[PDB]
Amino acid sequence: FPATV
Amino acid sequence: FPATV
Amino acid sequence: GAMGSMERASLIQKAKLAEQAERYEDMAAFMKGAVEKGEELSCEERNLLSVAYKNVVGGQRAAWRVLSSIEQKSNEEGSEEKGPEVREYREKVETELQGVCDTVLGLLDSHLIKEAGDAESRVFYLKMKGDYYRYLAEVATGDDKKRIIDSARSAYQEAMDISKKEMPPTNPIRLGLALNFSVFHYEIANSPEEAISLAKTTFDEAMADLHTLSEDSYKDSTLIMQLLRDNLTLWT
Amino acid sequence: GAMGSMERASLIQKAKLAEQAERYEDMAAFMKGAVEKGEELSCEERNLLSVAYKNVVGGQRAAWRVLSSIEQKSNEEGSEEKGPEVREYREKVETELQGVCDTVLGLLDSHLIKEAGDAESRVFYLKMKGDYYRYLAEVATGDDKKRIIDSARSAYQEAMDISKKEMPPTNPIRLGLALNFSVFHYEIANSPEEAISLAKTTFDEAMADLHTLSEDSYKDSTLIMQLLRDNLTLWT
Ligand SMILES: *CC(=O)Nc1ccc(-c2nc3ccccn3c2Nc2c(C)cccc2F)cc1
Ligand SMILES: *CC(=O)Nc1ccc(-c2nc3ccccn3c2Nc2c(C)cccc2F)cc1
Ligand SMILES: [Ca+2]
Ligand SMILES: [Ca+2]
Ligand SMILES: [Ca+2]
Ligand SMILES: [Ca+2]
Ligand SMILES: [Ca+2]
Ligand SMILES: [Ca+2]
Ligand SMILES: [Cl-]
Ligand SMILES: [Cl-]
């Protein structure tokens with residue numbers, strides 16, 4: 001999965 | 001801590 | 001309100017203890033109680049709220065994905081029928097996840113966003129609104145899926161508009177908002193080109209503003225910039 | 001019984017799904033429902049029960065230790081008074097932990113142990129009884145602490161007596177029982193010499209019986225033997 005914050 | 005199972 | 005009898009300051013204190021103990025459900029319950037006191041949240045308190053729910057919903061999303069994959073495999077050709085249990089349990093986890101999202105969206109709507117006038121607070125809360133609608137969108141399969149997606153988009157877009165007008169390109173909230181909106185484009189809106197363009201433009205505009213920063217601000221901003229780069233590497 | 005309307009086989013199936021999703025609270029609730037159907041548990045089902053509650057209580061114990069350490073530091077000389085909140089929250093976690101232990105002990109008492117006649121099942125359940133009384137002992141500070149410790153000791157001792165008569169020295173349940181009873185001696189009963197003697201004697205008697213085993217049984221037994229060795233290394 002891609003990075004989120 | 002020591003090992004337990 | 002289960003937390004109605006506890007002092008605001010005690011709820012905050014206990015949220016911090018719960019974080020140290022990795023008790024994120026408790027942390028979220030304490031922060032919900034703190035929000036329901038009706039006062040605005042400080043920067044630190046907003047971050048406690050977000051950390052708590054991020055961790056709770058993050059765990060639910062991971063579990064949902066495991067169960068959805070099992071369910072998908074159960075529906076392939078050649079797979080032996082195992083009854084309604086996989087679907088039922090995936091639905092149970094899904095309903096719990098939706099409940100947490102609805103709780104967060106409820107706090108934002110009653111009344112955090114409407115009382116947030118400073119750019120830093122308003123953008124923070126609007127990013128949260130986009131994020132929790134995005135989580136609803138991840139599991140949506142019915143008549144309202146398009147409307148859920150559009151609710152996420154709308155919240156992110158309002159946050160983006162404010163952030164571009166009111167915050168420098170290296171501001172961590174601005175950067176994190178763009179990171180997540182970029183992921184929305186890629187994973188939810190079927191818009192990989194928009195995702196890539198946003199991540200690139202955000203990275204490059206931040207790069208050009210790093211010279212203005214202290215050592216400590218530089219560290220913060222560059223950490224998030226690396227996440228943009230990581231996504232770009234994944235997608236190209 | 002919240003799970004009273006669900007089929008036994010569906011509860012088992014869902015416990016296995018919950019394990020895959022790392023949803024240990026759900027796993028424990030499903031297995032509690034399965035026990036309350038009233039039928040005996042198979043080997044695999046006993047292991048589902050134990051895994052679920054081990055993970056739930058393990059998380060509670062870790063959180064309790066974090067909070068207890070903070071509380072201890074708050075009560076040192078020079079520490080600034082921060083009010084009742086640390087104690088209150090440690091007490092909250094402690095009460096939750098005690099509740100889980102009481103739930104497990106209740107399942108064992110109503111009626112898993114009394115219906116367990118084979119050595120493998122009876123020893124398994126008696127080990128659990130010792131373990132959950134040990135967890136109660138870890139947090140006990142009142143009039144009943146001695147009685148809690150003695151309840152753990154008594155359960156472990158009955159399990160040990162059966163295991164020595166009925167199981168080979170390499171049997172994994174026998175080995176794990178001895179590992180945990182040894183820890184009881186060291187950490188709860190203030191008997192480090194007994195702890196060390198038990199771990200050593202258990203290891204050496206298992207070593208001498210390995211020649212009887214298949215490759216797969218050898219792997220299982222040697223894994224647990226290494227835990228005995230690890231504890232011995234920590235303690236000597
Ligand atoms: C007052 C306020 O909200 N400030 C703030 C500043 C920075 C962050 C932050 N910093 C990093 C560094 C690396 C990875 C993540 N983060 C975050 N997290 C974050 C959040 C929670 C929301 C929006 C952007 C963002 F970067 C948080 C809060
Ligand atoms: C039917 C039955 O209960 N069988 C069984 C056999 C082995 C284990 C086992 N094997 C290992 C290997 C490494 C570490 C731990 N374990 C365990 N766990 C365990 C348990 C849950 C209880 C008692 C002893 C023990 F080793 C479990 C169950
Ligand atoms: Ca007050
Ligand atoms: Ca659903
Ligand atoms: Ca305001
Ligand atoms: Ca039935
Ligand atoms: Ca207590
Ligand atoms: Ca029986
Ligand atoms: Cl279910
Ligand atoms: Cl509390």
Side-chain angles (χ1 to χ4, degrees), chain A residues 1 3-5, chain C residues 1-3 6 8 10-36 41-67 92-108 112 124-125 127-129 131-132 134-136 138-139 176 180, chain D residues 18-19 21-29 52-71 85-86 88-97 99-100:
Chain A
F1 49 84
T4 56
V5 298
Chain C
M3 298 300 174
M6 204 184 311
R8 191 185 185 281
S10 299
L11 290 162
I12 299 302
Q13 183 178 357
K14 292 178 184 180
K16 292 174 190 175
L17 293 170
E19 187 180 26
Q20 290 183 82
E22 293 184 295
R23 291 273 292 196
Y24 294 104
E25 184 182 313
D26 289 348
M27 189 188 180
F30 293 138
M31 290 309 302
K32 177 175 188 288
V35 169
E36 291 173 344
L41 306 191
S42 70
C43 171
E44 183 174 7
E45 294 162 353
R46 291 189 298 267
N47 276 277
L48 292 169
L49 177 70
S50 68
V51 164
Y53 281 109
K54 172 175 170 56
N55 274 274
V56 171
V57 82
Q60 293 175 318
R61 291 163 70 211
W64 183 94
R65 292 176 188 177
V66 167
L67 297 173
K92 182 190 182 292
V93 172
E94 184 174 299
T95 301
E96 188 189 286
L97 183 160
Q98 291 168 325
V100 170
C101 293
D102 291 345
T103 292
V104 174
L105 292 167
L107 295 173
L108 296 171
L112 289 169
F124 191 96
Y125 296 135
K127 176 187 170 296
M128 288 183 66
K129 184 175 182 172
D131 290 335
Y132 286 84
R134 169 161 61 85
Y135 308 148
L136 290 174
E138 288 177 333
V139 305
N180 290 16
Chain D
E19 187 180 26
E22 293 184 295
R23 291 273 292 196
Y24 294 104
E25 184 182 313
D26 289 348
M27 189 188 180
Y53 281 109
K54 172 175 170 56
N55 274 274
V56 171
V57 82
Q60 293 175 318
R61 291 163 70 211
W64 183 94
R65 292 176 188 177
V66 167
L67 297 173
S68 286
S69 176
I70 294 166
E71 189 183 11
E85 295 81 357
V86 173
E88 288 169 352
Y89 185 51
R90 187 269 300 155
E91 284 168 350
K92 182 190 182 292
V93 172
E94 184 174 299
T95 301
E96 188 189 286
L97 183 160
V100 170

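Every chain is numbered from 1, with letters handed out A, B, ... down the list of sequences. Below, each value reflects all heavy atoms present in this structure, side chains not excepted, and no hydrogens, waters or symmetry copies.
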Determine whether C:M31 and C:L11 satisfy the following criterion, side chain to side chain contact (heavy atoms under 4.5 Å, CB included), listing intermediate values before the conclusion. CA-CA 7 Å; C:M31 290 309 302; C:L11 290 162; over 6 Å; no
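- In this structure, OH in D:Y53 is found 11.0 Å from CE in D:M27, a value given to the nearest 0.5 Å.
- One finds no salt bridge joining D:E85 and C:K16 here, because no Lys/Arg side-chain nitrogen approaches an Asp/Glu carboxylate oxygen to under 4.0 Å.
- Heavy atoms from other residues, nucleotides or ligands lying under 6.0 Å from CD of C:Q98 number more than 12.
- Remark: side-chain polar atoms of C:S50 are paired, donor with acceptor, to backbone N or O of C:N47 under 3.5 angstrom.
- Using a cutoff of 4.0 Å between basic side-chain nitrogens and carboxylate oxygens, C:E36 and C:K32 are scored as salt-bridged.
- Separating the CD atom in D:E88 from the CE atom in C:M6 is a distance of 7.0 Å, to the nearest 0.5 Å.
- C:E44 CD to C:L49 CG: the interatomic distance, rounded to the nearest 0.5 Å, is 13.0 Å.
- By the 6.0 Å contact criterion, CD on C:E96 is enclosed, its count of non-hydrogen atoms from other residues, nucleotides or ligands being greater than 12.
- When every heavy atom of C:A28 is checked against every heavy atom of C:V56, the shortest pair comes out as CB-CG2, 4.3 Å.
- To the nearest 0.5 Å, atoms CZ (D:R23) and CG (D:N55) are separated by 13.5 Å.
- With hydrogens and angles ignored, the 3.5 Å screen pairs a side-chain donor or acceptor of C:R46 with a backbone N or O of C:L41.
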Verify side chain to side chain contact (heavy atoms under 4.5 Å, CB included) between C:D102 and C:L136, making sure each step is shown before the conclusion. CA-CA 9 Å; C:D102 291 345; C:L136 290 174; 4.0 Å; yes
Quick one, C:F124 with C:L112, criterion side chain to side chain contact (heavy atoms under 4.5 Å, CB included). Give me CA distance, side-chain angles, the key distance, then yes/no. CA-CA 10 Å; C:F124 191 96; C:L112 289 169; over 6 Å; no
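- The shortest non-hydrogen separation linking C:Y24 to C:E19 is OH-O, 4.2 Å.
- With ring centers used as reference points, D:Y89 lies under 6.0 Å from C:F30.
- Contact record, D:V93 with D:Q60: CG1-O, 3.9 Å, taken as the closest heavy-atom pair.
- Minimum heavy-atom separation, C:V57 to C:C101: CG2-SG, 4.0 Å.
- Smallest separation of non-hydrogen atoms from D:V86 and D:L67: CG1-O, 4.1 Å.
- For C:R65 and A:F1, the positive end sits near the middle of the six-membered ring, less than 6.0 Å away and at most 45° from its axis.
- D:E71 CD to D:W64 CH2: the interatomic distance, rounded to the nearest 0.5 Å, is 8.5 Å.
- Between atom CG of residue D:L97 and atom CD of residue D:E91 there is a gap of 13.5 Å, rounded to the nearest 0.5 Å.
- Residues D:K92 and C:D26 share a closest heavy-atom pair of NZ-OD1, 3.2 Å.
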Determine whether C:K127 and A:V5 satisfy the following criterion, side chain to side chain contact (heavy atoms under 4.5 Å, CB included), listing intermediate values before the conclusion. CA-CA 10 Å; C:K127 176 187 170 296; A:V5 298; 4.2 Å; yes
